[PDB]
Amino acid sequence: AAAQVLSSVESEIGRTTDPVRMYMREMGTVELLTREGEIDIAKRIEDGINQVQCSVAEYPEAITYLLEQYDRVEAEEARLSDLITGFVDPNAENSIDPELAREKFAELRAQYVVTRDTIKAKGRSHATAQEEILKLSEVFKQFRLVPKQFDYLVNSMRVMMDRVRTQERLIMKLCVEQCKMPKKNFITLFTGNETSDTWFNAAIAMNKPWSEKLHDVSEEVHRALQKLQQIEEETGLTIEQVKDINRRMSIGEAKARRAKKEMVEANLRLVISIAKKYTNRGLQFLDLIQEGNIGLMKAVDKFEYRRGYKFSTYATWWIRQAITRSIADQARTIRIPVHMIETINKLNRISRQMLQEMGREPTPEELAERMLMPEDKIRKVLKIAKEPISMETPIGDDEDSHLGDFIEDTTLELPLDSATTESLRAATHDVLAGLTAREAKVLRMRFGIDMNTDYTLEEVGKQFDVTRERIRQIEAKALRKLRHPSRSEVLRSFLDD
Amino acid sequence: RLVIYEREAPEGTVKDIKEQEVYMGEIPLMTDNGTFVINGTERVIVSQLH
Amino acid sequence: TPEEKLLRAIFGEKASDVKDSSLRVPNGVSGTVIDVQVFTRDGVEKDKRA
Amino acid sequence: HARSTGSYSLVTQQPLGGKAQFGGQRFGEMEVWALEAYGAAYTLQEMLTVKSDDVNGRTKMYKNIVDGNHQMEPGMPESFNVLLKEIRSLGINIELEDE
Amino acid sequence: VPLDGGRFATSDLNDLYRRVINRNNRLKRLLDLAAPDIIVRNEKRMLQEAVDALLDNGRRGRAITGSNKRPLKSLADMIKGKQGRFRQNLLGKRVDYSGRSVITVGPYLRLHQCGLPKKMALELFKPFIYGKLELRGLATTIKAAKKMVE
Amino acid sequence: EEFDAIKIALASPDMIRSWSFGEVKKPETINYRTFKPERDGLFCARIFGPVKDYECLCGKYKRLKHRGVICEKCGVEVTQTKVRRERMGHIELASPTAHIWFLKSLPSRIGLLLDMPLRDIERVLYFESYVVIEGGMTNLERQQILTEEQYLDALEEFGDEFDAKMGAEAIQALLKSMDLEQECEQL
């Protein structure tokens, strides 16, 4: 009964705009659901997970992949890699021993080959068949997968879910939106037949002259029903139990997602507590809170109540991690890597203690001696710690002259530098004019004076069709005679500017 | 001084007594002529009428 | 620019890899250097005049 | 203090030295009014574009002066289209209706 | 941009821009983690607040201040006011070819004449001198004309 | 070059994409040891152009000759550095947000167009109370505020028949949904 006070509050707020107040009102709505409450909520979660486990378990071929990709990872004669870290790892309520894998996979494949026999015997869901399927499921229930492959497999299930839904949607569009067929009879016929066009021609048998007018789309209706069937024969698993498994997995996922919300919304206050020992570091209070909240979500995911420990310890550990790692990833204009941030903070702590021990700020020699690392890295890290100062800071005490008004743009060309290099261009043009055509051309192409690009020796040798060092000789001759003082006097002067 | 009391006993003052001179801050000193030498430059703080 | 390329490849004069940023008297000022002070870190060799 | 050319500021691209050659004389609003009063449109235009902000203009006209040709090829000041960018970054589409 | 001492100098927009992206990125993450909608609501509030502080910090009920503790300068604060682009860099500009000095009486002058110090006129008319020295041939080189002027 | 007039309008999101040369994806400015622009960051050289005249970052294409090319190693375009000053980026917002100039102006333009008191808009935008985008049911009208518990109740009677939302998504739906000719002629 908190929204019945928030009603009066929002009706009589003081035109509040601060997101701190809006958040702190809403995180205060949900009450502390801890101790007994937390354990109950934790059980609502594992029940949803186990329902999803079972829903995967009735589908056999997904288990195939379990043995398939495992036989893939074992395929290369020896492995204990990420993929194996992703397979079962049965948690008995470390170093991987593949003998255990073979031991636990032999009986699984034995159940594989024994359950299928009764699936065909006297009926798809025969009593003996149903009992053997239940035995298979019970055996599989103790295989607690590593989360990554588990999510991959539930993906491999929901892909079939969504393709079934989308094919049904496509057929529903193509039928109802164009031919205007009633869905009321469709539902019953689809549940009844589901496999053949007996219901199609049957509903058309009812006079309905509009039902006759489907010839232009006849070749498309049962052609799409062909794909709808092909889905079922590819699965080889009947549609009604597909829907049952779909509902089971949906409800199982919704249970856990609903349960985790109470845990998060109850421990928001814990998040706010840890986040407040972290302010004045670059990130605002609500920035530190929202990183804490993500850390809390992780903690709720990884929490195990069977350990018998209080939840707040685990949550505290993850929340502090998220907050102090984000305050390092962000909160700096020039991003400092996390480990360098940690080293800087080592220097700050050690500087404090040496400061109070000595009575002076320590010199980098003594500081290096204390922190046990060379003075080079000490001085480097000290130079790193500086953060950009503000440009709009008032270098004038009044609001007259800011810092950014004094920052020269040191990329522009100083005008009178040889008349922005025009004088040199003109003088070169003049001097090259005094030379013979071939020398001038090759000289230009070589260095590039007023040329597209600076054709190298090879390129210019191609240009005049001489595959030799005639060009090199020519350039040597040219460069030679443009040092002769009588030929170049004006040009020589710019050099020693 | 850091005094530590015991919360079981009512005012069990002598559970820990800890005396240690601590260094907190440096305070600039005034010269004999009413000025401070701050960052090598000689500064004056003017009185305020409030 | 290509033209400086030609200029340095004709008179054979490649500029040094060291630019000058020497301190010089601001323009329009005369005077008499009356004092020079050199400050060096603790860990850098002192040049001759220091 | 005097100045023919020197440092130029970073954002606005307009005269501002100070170390040796200081920033140019500020030609404020009141002086713009005075030149508008005289009717001197060309003195104003050069004091806005080629003396202050027009980058291509400022260098081209230094070159023209050195050649002995006193003529101006003015463009658009940097501060104007800096303003255009700053207004555009407020999600407001300001443009120049070309011919 | 790097200042002399090795420190850098940044326009406040960077800081403001940073907030937006940070918060925007967080939101892009929460929608993937299917957060409790209270947290997503708070993130959207902060994203709205950050964009608002970017576009106009003042008009935004509480002005975001940086490490200086004085308020950050938003986009709207640069095109507005006496210090804005309009009044300060677009109607009245700093100007080249311009000097200034103390004034005194020239009582020998005629109404159309003003004294002008030699040094100030040399510094103001410098490119004219360069062109004239090149024209007379006294300096066939702009680089050496600068040397002669100095 | 010569233009004649200057036009202001509102920047369509497609137009803001049209100005932009690439999406800014990270809050990273420059590197801390190399001091060189980071990819996708606020200063990225792929988006806002190269840092030196006619040079990619990795120096593969490093002269006038290779102008116009996009260095595949670093994505930079070999062009003048002045284009750090003319190229713009764009952040793809993960949730529409209100332009404060068109909401917190003394004569609110969003509040006039919709005819909804600024207090009610501030309540919707600050994620404080829902609002009826559109309701097939007759008891609930468009632009009618539904507080949280009132929303819960209204959801209880009908549910899908009425669309009520919170925040700038709701306000964008309201602005997008009105027809200007009809309100024009009715008014």
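Brief remarks on what is shown
- The residue that is surrounded by the fewest Cβ atoms within 10 Å (Cβ to Cβ), counting only those in segment E:117-150 that are more than 10 Å from chain D (Cβ to nearest Cβ), in a loop (DSSP other than H, G, I, E, B) and not acidic (D, E), is E:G137.
- For segment A:434-454, the candidate set comprises residues that are in a helix (DSSP H, G or I) and in contact with a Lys or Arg (Cβ under 8 Å, 6 or more places away or on another chain); within that set, the residue that is nearest to the other protein chains (Cβ to nearest Cβ) is A:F447.
- Of all residues in segment D:1-40 being small (G, A, S) and over 20 Å from D:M61 (Cβ atoms), the one that is farthest from the other protein chains (Cβ to nearest Cβ): D:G39
- Failed item in (1) more than 14 Å from chain E (Cβ to nearest Cβ); (2) assigned to a helix (DSSP H, G or I), with A:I41 passing the rest: (1)
- Just one residue in the set E:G61, E:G6 is facing another protein chain (nearest Cβ under 7 Å), closer than 17 Å to F:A98 by Cα and among the small types (G, A, S); that residue is E:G61.
- Among residues of segment A:353-365 being in a helix (DSSP H, G or I) and surrounded by 14 or more Cβ atoms within 10 Å (Cβ to Cβ), the one that is nearest to the other protein chains (Cβ to nearest Cβ) is A:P364.
- Close contacts from segment F:173-187, counting a first residue that is closer than 17 Å to F:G135 by Cβ and a second that is β-branched (V, I, T) and surrounded by 11 or more Cβ atoms within 10 Å (Cβ to Cβ), with Cβ to Cβ under 6 Å and a gap of 6+ residues or different chains, come to F:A173/F:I133.
- Some residue of segment D:45-64 being within 11 Å of chain F (Cβ to nearest Cβ), more than 19 Å from the chain's Cα centre (by Cα), surrounded by fewer than 21 Cβ atoms within 10 Å (Cβ to Cβ) and at negative phi: no
- Looking across segment F:121-151, the residues that are under 23 Å from A:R21 (Cβ atoms) and either among the basic types (K, R) or in a helix (DSSP H, G or I) (or both) come down to F:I121, F:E122, F:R123, F:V124, F:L125, F:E148, F:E149, F:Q150, F:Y151.
- Residue in segment F:111-120 that is part of a loop (DSSP other than H, G, I, E, B), within 28 Å of E:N24 (Cα to Cα) and touching a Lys or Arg at 6+ places or on another chain (Cβ under 9 Å) present: no
- Residue ID - nearest to the other protein chains (Cβ to nearest Cβ), chosen from residues in segment F:1-49 that are aromatic (F, W, Y) and not in a loop (DSSP other than H, G, I, E, B): F:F3
- Residues of segment A:455-497 that are surrounded by 19 or more Cβ atoms within 10 Å (Cβ to Cβ), over 15 Å from A:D430 (Cβ atoms) and under 60 Å from the mean Cα position of the chain (by Cα): A:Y455, A:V460, A:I471, A:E475.
- Condition met for E:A50 (closer than 26 Å to A:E26 by Cα, surrounded by fewer than 22 Cβ atoms within 10 Å (Cβ to Cβ) and away from chain D (no Cβ under 14 Å)): no
- Total residues in segment A:474-489, condition more than 11 Å from chain C (Cβ to nearest Cβ) and under 17 Å from A:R444 (Cβ atoms): 2
- So F:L57, is it at negative phi, aliphatic (A, V, I, L, M) and within 7 Å of another protein chain (Cβ to nearest Cβ): no
- Residue in segment F:66-76 that is among the acidic types (D, E) and in contact with a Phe, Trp or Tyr (Cβ under 8 Å, 6 or more places away or on another chain) present: no
- Top-ranked residue in segment F:83-106 [being part of a helix (DSSP H, G or I) and more than 7 Å from chain E (Cβ to nearest Cβ); ranked as farthest from F:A168 (Cα to Cα)]: F:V83
- Residue-level analysis places E:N68 outside the set of residues that are surrounded by 20 or more Cβ atoms within 10 Å (Cβ to Cβ) and either assigned to a loop (DSSP other than H, G, I, E, B) or facing chain A (nearest Cβ under 7 Å) (or both).
- Residue ID - nearest to D:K51 (Cα to Cα), chosen from residues in segment D:65-99 that are among the β-branched types (V, I, T) and within 10 Å of chain F (Cβ to nearest Cβ): D:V82
- So D:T5, is it of a type in the set (S, T, Y), on the phi < 0 side of the Ramachandran plot and part of a helix (DSSP H, G or I): no
- Restricted to segment C:1-24, and to residues there that are β-branched (V, I, T) and surrounded by 10 or more Cβ atoms within 10 Å (Cβ to Cβ), the residue that is farthest from the other protein chains (Cβ to nearest Cβ) is C:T1.
- Filter result for the condition that a residue is acidic (D, E) and closer than 30 Å to D:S9 by Cβ, over A:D400, A:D430: A:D400
- Some residue of segment A:86-98 being in a helix (DSSP H, G or I) and acidic (D, E): no
- Screening the candidates A:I344, A:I350 for the property of being of a type in the set (A, V, I, L, M, F, W, C), more than 14 Å from chain F (Cβ to nearest Cβ) and either over 30 Å from A:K43 (Cβ atoms) or more than 29 Å from the chain's Cα centre (by Cα) (or both) yields one hit, A:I350.
- Unmet requirement for E:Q113, which otherwise passes all of (1) closer than 30 Å to D:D67 by Cα; (2) at the interface with another protein chain (Cβ under 10 Å from one of its Cβ atoms); (3) exposed (fewer than 13 other Cβ atoms within 10 Å of the Cβ): (2)
All of the numbers you see were taken from the coordinates with simple rules; none came from a lab. With ideal geometry, Cβ positions are generated from the backbone for all residues, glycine too; neighbour counts draw on all protein chains shown.
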